[PDB]
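Right, one structure below, let's go through it.
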Amino acid sequence: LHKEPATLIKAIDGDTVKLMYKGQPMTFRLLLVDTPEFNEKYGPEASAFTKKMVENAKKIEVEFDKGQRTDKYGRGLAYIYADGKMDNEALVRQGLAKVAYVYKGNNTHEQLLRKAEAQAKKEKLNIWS
Ligand SMILES: Cc1cn([C@H]2C[C@H](OP(=O)(O)O)[C@@H](COP(=O)(O)O)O2)c(=O)[nH]c1=O
Ligand SMILES: [Ca+2]
């Protein structure tokens, strides 16, 4: 996989963000995770966590996987990095997302994220409390 440039347009919630990618605005949905909706328990914390990561980043990058690059809603499907740190993994490691929506052929980082979930779960963090 390859990292490509993007710039923040605006945070949306724990697992979606609006970025400018190849000069076009698009909403990105984070691969392989599910944060609670803003209206649910840990939803505000998930939203906050992603907002902070992307707004503080000097460099945002998007990494597509091998499979579909947009979903049925026209959202980009990617791993999103803030100064080299992957938000997808970070939200899971913090107990602010569950590994979810693991579809064949867009699952390159599946093991890495499950390992993070196992550790968040061992620590009883947030969702796992
Ligand atoms: C993360 C992801 C979501 N989706 C679709 C599946 C779900 O369809 P449904 O809306 O029919 O439930 C939806 C969940 O996204 P959200 O968790 O943002 O609601 O997004 C994909 O198709 N591929 C993906 O990789
Ligand atoms: Ca969600």
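Going left to right, the sequence shown walks through residues 7 to 43, 50 to 141 as the authors' numbering numbers them. Heads up, the beta-carbon is just placed ideally off N, CA and C, and yes, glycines get one too.
In whole angstroms, what is the alpha-carbon distance linking residue i and residue j?
i           : j          : result
residue 119 : residue 92 : 14 angstroms
residue 64  : residue 50 : 15 angstroms
residue 22  : residue 12 : 14 angstroms
In the DSSP output, what is residue i paired with across the bridge?
i          : result
residue 61 : Looking at the DSSP assignment, residue 61 forms no beta bridge with any residue, so it has no partner.
Under the rule that 16 or more other beta-carbon atoms within 10 Å means buried, what is residue i, buried or exposed?
i           : result
residue 123 : exposed
residue 7   : exposed
residue 130 : exposed
Identify whether residue i lies in helix, strand or coil by the three-state DSSP scheme.
i           : result
residue 133 : helix
residue 21  : coil
residue 16  : strand
So, residue i versus residue j, is the Cβ gap smaller than 7 angstroms?
i           : j           : result
residue 137 : residue 100 : no
residue 33  : residue 24  : yes
residue 40  : residue 71  : no
residue 125 : residue 61  : no
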